[PDB]
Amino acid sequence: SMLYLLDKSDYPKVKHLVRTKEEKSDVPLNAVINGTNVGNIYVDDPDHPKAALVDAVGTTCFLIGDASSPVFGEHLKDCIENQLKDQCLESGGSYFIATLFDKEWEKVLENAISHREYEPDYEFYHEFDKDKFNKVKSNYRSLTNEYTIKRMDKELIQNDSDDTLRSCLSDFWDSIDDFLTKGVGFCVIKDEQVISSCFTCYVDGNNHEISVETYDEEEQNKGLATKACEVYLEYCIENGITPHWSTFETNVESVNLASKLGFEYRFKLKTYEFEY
């Protein structure tokens, strides 16, 4: 009769739905299932899930498991338009995003979101090539004197005159302490303000998903995100972390930056997005 919100203590019951290589390598999906990062899980049957909506609220939901699930066919719309919607909007969000592994889920999701003026896209997935990065980074533009690099610590996050960073981190991490213990991040600073950041938004074991941004529109295209990422990726290499970059096909600034940093294209997944 409805999709059921799953308690975190039962998340292990959906692990068996993570089966293909693309599913297994998807850091946000696994980070939410592991309980490590912020998200919600909805299932057909809380005792023995056969299909799940895994909402990595900072980035996308995923539909996994059996696309023929009758309850998903009749009540996926109800879950989107009330339970997902209300928690998104109350938390300052505006959008629904879904990412699919399996063509069979497309018609199921399309019937559920049909009246929405949704935008189809694809999410690009990569593999980081450390040797390429180490070769090509010598060509990156050096920072001029007004710009410096700082590792994200509690002082930086709590004293950003804009709560920009704190707000972004809250999409992914239940606390700043959890981010600082389990993740890492670096910023470009100018006039004592955070201009760019590169940080871990999800963790699955030694796999870290990247979030990058240059917040000051007028400072883009100067090499700032590149340098925040370069320091981040060096940290990852030094500490045995595999970084992951996934981005919408239409976000060509991000697609091109990923290629510049030594991320190599591997596969793409269909996405759907609308504004509530």
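Numbering starts at 1 and follows the sequence shown.
Checked against the record, the higher mean CA B factor of 99-107 and 190-198 lies with 99-107. The deposited model assigns a higher average Cα B-factor to 155-163 than to the other stretch when 155-163 and 79-87 are compared. You'll see in the entry that, of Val71, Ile176, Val203, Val136, the Cα B factor peaks at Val71. The top Cα temperature factor in the record, among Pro28, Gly39, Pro49, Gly240, falls on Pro49. Among the modelled residues of its chain, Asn256 has a C-alpha B-factor that falls in the lowest third according to the deposited record. In the deposited entry, the Cα temperature factor of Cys61 places it in the lowest third of its chain's modelled residues. Ranked by Cα temperature factor within the chain, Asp216 sits in the middle third according to the deposited record.
For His16, the recorded CA B-factor ranks within the highest third of the chain. Only modelled residues enter the ranking.
Among the modelled residues of its chain, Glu22 has a C-alpha B-factor that falls in the middle third according to the deposited record.
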